[PDB]
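Enquirer: One file is attached below, structure.pdb, containing PDB, C-alpha atoms (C1' of nucleotides).
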ATOM      1  CA  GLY A   1      16.105  -6.930   6.072  1.00  0.00           C
ATOM      2  CA  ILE A   2      14.218  -3.893   7.332  1.00  0.00           C
ATOM      3  CA  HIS A   3      11.616  -4.653   9.997  1.00  0.00           C
ATOM      4  CA  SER A   4       8.833  -2.783   8.198  1.00  0.00           C
ATOM      5  CA  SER A   5       5.239  -3.391   9.290  1.00  0.00           C
ATOM      6  CA  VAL A   6       1.980  -3.595   7.334  1.00  0.00           C
ATOM      7  CA  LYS A   7      -0.464  -0.904   8.413  1.00  0.00           C
ATOM      8  CA  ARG A   8      -4.076  -0.267   7.409  1.00  0.00           C
ATOM      9  CA  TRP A   9      -4.833   1.852   4.345  1.00  0.00           C
ATOM     10  CA  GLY A  10      -8.280   3.265   5.032  1.00  0.00           C
ATOM     11  CA  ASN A  11      -9.996  -0.112   5.212  1.00  0.00           C
ATOM     12  CA  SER A  12      -7.826  -2.721   3.519  1.00  0.00           C
ATOM     13  CA  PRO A  13      -4.124  -3.282   4.383  1.00  0.00           C
ATOM     14  CA  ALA A  14      -1.293  -2.367   2.035  1.00  0.00           C
ATOM     15  CA  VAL A  15       2.313  -3.491   1.846  1.00  0.00           C
ATOM     16  CA  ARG A  16       4.436  -0.349   1.900  1.00  0.00           C
ATOM     17  CA  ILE A  17       7.188  -0.863  -0.642  1.00  0.00           C
ATOM     18  CA  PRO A  18      10.288   1.361  -0.360  1.00  0.00           C
ATOM     19  CA  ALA A  19      10.425   3.758  -3.309  1.00  0.00           C
ATOM     20  CA  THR A  20      14.127   2.948  -3.494  1.00  0.00           C
ATOM     21  CA  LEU A  21      13.289  -0.705  -4.200  1.00  0.00           C
ATOM     22  CA  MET A  22      10.586   0.216  -6.719  1.00  0.00           C
ATOM     23  CA  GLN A  23      13.289   1.745  -8.895  1.00  0.00           C
ATOM     24  CA  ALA A  24      15.263  -1.509  -8.695  1.00  0.00           C
ATOM     25  CA  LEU A  25      12.367  -3.559 -10.074  1.00  0.00           C
ATOM     26  CA  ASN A  26      11.829  -0.833 -12.676  1.00  0.00           C
ATOM     27  CA  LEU A  27       8.187  -0.025 -11.933  1.00  0.00           C
ATOM     28  CA  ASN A  28       6.162   3.024 -10.874  1.00  0.00           C
ATOM     29  CA  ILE A  29       2.825   4.168  -9.451  1.00  0.00           C
ATOM     30  CA  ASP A  30      -0.381   2.699 -10.902  1.00  0.00           C
ATOM     31  CA  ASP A  31       1.549  -0.423 -11.885  1.00  0.00           C
ATOM     32  CA  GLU A  32      -0.512  -3.603 -12.073  1.00  0.00           C
ATOM     33  CA  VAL A  33       1.103  -6.266  -9.933  1.00  0.00           C
ATOM     34  CA  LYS A  34      -0.189  -9.808 -10.267  1.00  0.00           C
ATOM     35  CA  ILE A  35      -0.785 -11.314  -6.843  1.00  0.00           C
ATOM     36  CA  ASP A  36      -0.546 -15.068  -7.293  1.00  0.00           C
ATOM     37  CA  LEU A  37      -0.658 -17.705  -4.564  1.00  0.00           C
ATOM     38  CA  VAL A  38       2.544 -19.735  -4.767  1.00  0.00           C
ATOM     39  CA  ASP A  39       4.147 -21.813  -1.991  1.00  0.00           C
ATOM     40  CA  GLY A  40       1.612 -20.389   0.444  1.00  0.00           C
ATOM     41  CA  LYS A  41       3.074 -16.912   0.022  1.00  0.00           C
ATOM     42  CA  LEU A  42       2.205 -13.771  -1.914  1.00  0.00           C
ATOM     43  CA  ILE A  43       4.151 -13.610  -5.163  1.00  0.00           C
ATOM     44  CA  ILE A  44       4.057  -9.975  -6.249  1.00  0.00           C
ATOM     45  CA  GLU A  45       5.139  -9.705  -9.879  1.00  0.00           C
ATOM     46  CA  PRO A  46       4.802  -6.335 -11.701  1.00  0.00           C
ATOM     47  CA  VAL A  47       2.944  -6.838 -14.970  1.00  0.00           C
ATOM     48  CA  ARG A  48       3.713  -4.200 -17.585  1.00  0.00           C
ATOM     49  CA  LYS A  49       0.909  -3.158 -19.911  1.00  0.00           C
ATOM     50  CA  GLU A  50       2.495  -3.166 -23.349  1.00  0.00           C
TER      51      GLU A  50
ATOM     52  CA  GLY B   1      -4.209 -14.371  -9.537  1.00  0.00           C
ATOM     53  CA  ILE B   2      -5.493 -10.905  -8.725  1.00  0.00           C
ATOM     54  CA  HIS B   3      -3.943  -7.785 -10.243  1.00  0.00           C
ATOM     55  CA  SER B   4      -3.758  -4.759  -7.969  1.00  0.00           C
ATOM     56  CA  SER B   5      -2.892  -1.146  -8.720  1.00  0.00           C
ATOM     57  CA  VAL B   6       0.102   0.035  -6.698  1.00  0.00           C
ATOM     58  CA  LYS B   7      -1.133   3.503  -5.778  1.00  0.00           C
ATOM     59  CA  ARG B   8       0.723   6.165  -3.822  1.00  0.00           C
ATOM     60  CA  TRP B   9       0.197   5.982  -0.074  1.00  0.00           C
ATOM     61  CA  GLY B  10       1.145   9.544   0.742  1.00  0.00           C
ATOM     62  CA  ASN B  11       4.623   9.632  -0.749  1.00  0.00           C
ATOM     63  CA  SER B  12       5.468   5.926  -0.756  1.00  0.00           C
ATOM     64  CA  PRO B  13       3.921   3.224  -2.991  1.00  0.00           C
ATOM     65  CA  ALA B  14       1.946   0.405  -1.412  1.00  0.00           C
ATOM     66  CA  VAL B  15       0.685  -2.938  -2.678  1.00  0.00           C
ATOM     67  CA  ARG B  16      -2.974  -3.081  -1.694  1.00  0.00           C
ATOM     68  CA  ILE B  17      -3.783  -6.410  -0.070  1.00  0.00           C
ATOM     69  CA  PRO B  18      -7.537  -7.186  -0.146  1.00  0.00           C
ATOM     70  CA  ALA B  19      -9.135  -8.413   3.088  1.00  0.00           C
ATOM     71  CA  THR B  20     -10.077 -11.533   1.141  1.00  0.00           C
ATOM     72  CA  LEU B  21      -6.375 -12.405   0.966  1.00  0.00           C
ATOM     73  CA  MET B  22      -5.863 -11.566   4.642  1.00  0.00           C
ATOM     74  CA  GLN B  23      -8.382 -14.195   5.701  1.00  0.00           C
ATOM     75  CA  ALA B  24      -6.845 -16.663   3.248  1.00  0.00           C
ATOM     76  CA  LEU B  25      -3.388 -16.787   4.851  1.00  0.00           C
ATOM     77  CA  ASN B  26      -4.925 -15.889   8.226  1.00  0.00           C
ATOM     78  CA  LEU B  27      -2.974 -12.645   8.496  1.00  0.00           C
ATOM     79  CA  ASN B  28      -4.099  -9.297   9.902  1.00  0.00           C
ATOM     80  CA  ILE B  29      -3.152  -5.641  10.217  1.00  0.00           C
ATOM     81  CA  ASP B  30       0.011  -4.545  12.057  1.00  0.00           C
ATOM     82  CA  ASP B  31       1.784  -7.785  11.192  1.00  0.00           C
ATOM     83  CA  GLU B  32       5.322  -8.359   9.958  1.00  0.00           C
ATOM     84  CA  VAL B  33       6.074  -9.667   6.479  1.00  0.00           C
ATOM     85  CA  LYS B  34       9.440 -10.695   5.087  1.00  0.00           C
ATOM     86  CA  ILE B  35      10.003  -8.700   1.915  1.00  0.00           C
ATOM     87  CA  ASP B  36      12.295 -10.966  -0.085  1.00  0.00           C
ATOM     88  CA  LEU B  37      13.633 -10.499  -3.610  1.00  0.00           C
ATOM     89  CA  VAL B  38      13.258 -13.721  -5.574  1.00  0.00           C
ATOM     90  CA  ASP B  39      12.926 -14.116  -9.347  1.00  0.00           C
ATOM     91  CA  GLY B  40      13.018 -10.335  -9.687  1.00  0.00           C
ATOM     92  CA  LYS B  41       9.685 -10.231  -7.884  1.00  0.00           C
ATOM     93  CA  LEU B  42       8.475  -9.219  -4.444  1.00  0.00           C
ATOM     94  CA  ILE B  43       8.171 -12.201  -2.151  1.00  0.00           C
ATOM     95  CA  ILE B  44       5.658 -11.314   0.543  1.00  0.00           C
ATOM     96  CA  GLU B  45       5.425 -13.890   3.317  1.00  0.00           C
ATOM     97  CA  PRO B  46       3.739 -13.338   6.719  1.00  0.00           C
ATOM     98  CA  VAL B  47       6.227 -14.031   9.500  1.00  0.00           C
ATOM     99  CA  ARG B  48       4.256 -13.943  12.739  1.00  0.00           C
ATOM    100  CA  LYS B  49       6.189 -12.969  15.856  1.00  0.00           C
ATOM    101  CA  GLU B  50       4.818 -15.635  18.186  1.00  0.00           C
TER     102      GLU B  50
ATOM    103  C1'  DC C   1      17.331  19.779   1.960  1.00  0.00           C
ATOM    104  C1'  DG C   2      14.276  16.614  -0.304  1.00  0.00           C
ATOM    105  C1'  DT C   3      11.406  12.702  -0.409  1.00  0.00           C
ATOM    106  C1'  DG C   4      10.319   8.613   1.336  1.00  0.00           C
ATOM    107  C1'  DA C   5       7.195   6.788   5.171  1.00  0.00           C
ATOM    108  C1'  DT C   6       3.264   7.066   8.601  1.00  0.00           C
ATOM    109  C1'  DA C   7      -1.330   8.215   9.750  1.00  0.00           C
ATOM    110  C1'  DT C   8      -5.978   9.233   8.062  1.00  0.00           C
ATOM    111  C1'  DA C   9     -10.206  10.542   5.718  1.00  0.00           C
ATOM    112  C1'  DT C  10     -13.614  10.300   1.983  1.00  0.00           C
ATOM    113  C1'  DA C  11     -16.348   9.810  -2.059  1.00  0.00           C
ATOM    114  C1'  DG C  12     -17.329   6.573  -5.292  1.00  0.00           C
ATOM    115  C1'  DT C  13     -17.868   1.914  -7.682  1.00  0.00           C
ATOM    116  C1'  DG C  14     -17.793  -2.636  -8.697  1.00  0.00           C
ATOM    117  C1'  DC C  15     -18.310  -7.053  -6.570  1.00  0.00           C
TER     118       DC C  15
ATOM    119  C1'  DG D   1     -23.442  -2.570   1.277  1.00  0.00           C
ATOM    120  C1'  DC D   2     -18.942  -3.568   2.203  1.00  0.00           C
ATOM    121  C1'  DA D   3     -14.766  -4.408   0.601  1.00  0.00           C
ATOM    122  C1'  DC D   4     -12.092  -2.132  -2.580  1.00  0.00           C
ATOM    123  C1'  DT D   5     -10.251   1.722  -5.410  1.00  0.00           C
ATOM    124  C1'  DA D   6      -8.571   6.175  -6.072  1.00  0.00           C
ATOM    125  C1'  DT D   7      -6.749  10.539  -3.987  1.00  0.00           C
ATOM    126  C1'  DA D   8      -4.935  14.189  -0.995  1.00  0.00           C
ATOM    127  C1'  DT D   9      -2.755  16.249   3.203  1.00  0.00           C
ATOM    128  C1'  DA D  10       0.243  17.199   7.344  1.00  0.00           C
ATOM    129  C1'  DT D  11       4.445  15.915   9.393  1.00  0.00           C
ATOM    130  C1'  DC D  12       8.350  13.503  10.455  1.00  0.00           C
ATOM    131  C1'  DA D  13      12.114  10.547  10.002  1.00  0.00           C
ATOM    132  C1'  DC D  14      15.815   9.214   7.070  1.00  0.00           C
ATOM    133  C1'  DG D  15      18.945   9.870   3.367  1.00  0.00           C
TER     134       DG D  15
END
Let me see the structure of the file written as structure tokens.
Expert:
Amino acid sequence: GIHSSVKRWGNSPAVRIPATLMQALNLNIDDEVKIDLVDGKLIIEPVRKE
Amino acid sequence: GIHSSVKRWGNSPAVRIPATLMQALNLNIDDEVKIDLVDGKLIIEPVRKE
DNA sequence: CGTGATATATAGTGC
DNA sequence: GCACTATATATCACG
């Protein structure tokens, strides 16, 4: 895919996610994504607060 | 795992990755991660260019 | 033409 | 206190 790079956000790094893709997963700003360690990779799953 | 708030980095959203997680997978700033779409979730895996 | 992306700074709070 | 969290701005590069 796109060769995007992870830059530093003030102090801690942040994975810049294309706003276009955010709409595909149906999530928005302030969303609580659950970072779980699976297969030695970062599984980012958006957890809705209903 | 750890739930993080996807805030707005300027105009684009970004998944904040705590330094604690950086040390875990031995990744750093200015690295390249493969943003894959599996299970309707964001698959973030560090793909070092070495 | 508009906003999505990049760079950057800061005050504050919980870990 | 430091990592972490929340917020705001200028400017461009891309759609």
Enquirer: For chain A, work out the contacting residues on chain B at 7 Å, counting only C-alpha atoms, and write them as a list in words.
Expert: residues 1, 2, 3, 4, 5, 6, 7, 8, 12, 13, 14, 15, 16, 17, 18, 19, 29, 30, 31, 32, 33, 40, 41, 42, 43, 44 and 45 of chain B
Enquirer: Using all atoms listed in the file, which chain C residues lie at most 8 Å away from chain A, written as a VMD selection string?
Expert: chain C and resid 4 8 to 9
Enquirer: Quick one: apply the PyMOL selection byres ((chain D) within 12 of (chain A)) to the file and drop the selected residues here as number ranges by chain.
Expert: D: 2-7, 15
Enquirer: Give as a list in words the set of residues within 8 Å of the point (4.7, 13.2, 5.6), where distances use the file's coordinates and all atoms listed in the file.
Expert: residues 10 and 11 of chain B; 5 and 6 of chain C; 10, 11 and 12 of chain D
Enquirer: Quote the spacing between atom CA of residue A:49 and atom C1' of residue C:11 in Å to one decimal place.
Expert: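 Atom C1' of residue C:11 lies at a distance of 28.0 Å from atom CA of residue A:49.
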Enquirer: How many Å separate atom CA of residue A:23 from atom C1' of residue C:3?
Expert: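 Computed distance, atom CA of residue A:23 to atom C1' of residue C:3, equals 14.0 Å.
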Enquirer: For stretch 28-48 of chain A, which lacks atoms in the input, supply N, CA and C atoms and format the output as a CSV table (one decimal), in the coordinates of the input.
Expert:
chain,number,residue,atom,x,y,z
A,28,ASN,N,6.6,1.7,-11.4
A,28,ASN,CA,6.2,3.0,-10.9
A,28,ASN,C,4.8,2.9,-10.3
A,29,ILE,N,4.2,4.1,-10.0
A,29,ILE,CA,2.8,4.2,-9.5
A,29,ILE,C,1.8,3.8,-10.5
A,30,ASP,N,0.7,3.1,-10.0
A,30,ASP,CA,-0.4,2.7,-10.9
A,30,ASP,C,0.0,1.4,-11.7
A,31,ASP,N,1.1,0.8,-11.3
A,31,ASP,CA,1.5,-0.4,-11.9
A,31,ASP,C,0.6,-1.6,-11.5
A,32,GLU,N,0.4,-2.5,-12.4
A,32,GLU,CA,-0.5,-3.6,-12.1
A,32,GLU,C,0.3,-4.9,-11.7
A,33,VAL,N,0.4,-5.1,-10.4
A,33,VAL,CA,1.1,-6.3,-9.9
A,33,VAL,C,0.2,-7.5,-9.8
A,34,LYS,N,0.6,-8.6,-10.3
A,34,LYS,CA,-0.2,-9.8,-10.3
A,34,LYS,C,0.1,-10.6,-9.0
A,35,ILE,N,-0.9,-10.6,-8.1
A,35,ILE,CA,-0.8,-11.3,-6.8
A,35,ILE,C,-1.2,-12.8,-7.1
A,36,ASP,N,-0.3,-13.7,-7.1
A,36,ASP,CA,-0.5,-15.1,-7.3
A,36,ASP,C,-0.1,-15.9,-6.1
A,37,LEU,N,-0.9,-16.9,-5.7
A,37,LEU,CA,-0.7,-17.7,-4.6
A,37,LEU,C,0.3,-18.8,-4.9
A,38,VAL,N,1.5,-18.7,-4.5
A,38,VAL,CA,2.5,-19.7,-4.8
A,38,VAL,C,3.3,-20.1,-3.5
A,39,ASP,N,3.4,-21.3,-3.2
A,39,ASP,CA,4.1,-21.8,-2.0
A,39,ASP,C,3.5,-21.3,-0.7
A,40,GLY,N,2.3,-20.9,-0.7
A,40,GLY,CA,1.6,-20.4,0.4
A,40,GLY,C,2.0,-19.0,0.8
A,41,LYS,N,2.6,-18.3,-0.2
A,41,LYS,CA,3.1,-16.9,0.0
A,41,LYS,C,2.6,-16.0,-1.1
A,42,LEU,N,2.7,-14.7,-0.9
A,42,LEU,CA,2.2,-13.8,-1.9
A,42,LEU,C,3.3,-13.4,-2.9
A,43,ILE,N,3.2,-13.9,-4.1
A,43,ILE,CA,4.2,-13.6,-5.2
A,43,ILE,C,3.7,-12.4,-5.9
A,44,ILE,N,4.4,-11.2,-5.6
A,44,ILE,CA,4.1,-10.0,-6.2
A,44,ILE,C,4.9,-9.7,-7.5
A,45,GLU,N,4.4,-10.0,-8.6
A,45,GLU,CA,5.1,-9.7,-9.9
A,45,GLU,C,4.5,-8.6,-10.7
A,46,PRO,N,5.3,-7.5,-10.9
A,46,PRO,CA,4.8,-6.3,-11.7
A,46,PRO,C,4.5,-6.7,-13.2
A,47,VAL,N,3.3,-6.5,-13.6
A,47,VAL,CA,2.9,-6.8,-15.0
A,47,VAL,C,2.8,-5.6,-15.8
A,48,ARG,N,3.7,-5.4,-16.7
A,48,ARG,CA,3.7,-4.2,-17.6
A,48,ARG,C,2.6,-4.3,-18.6
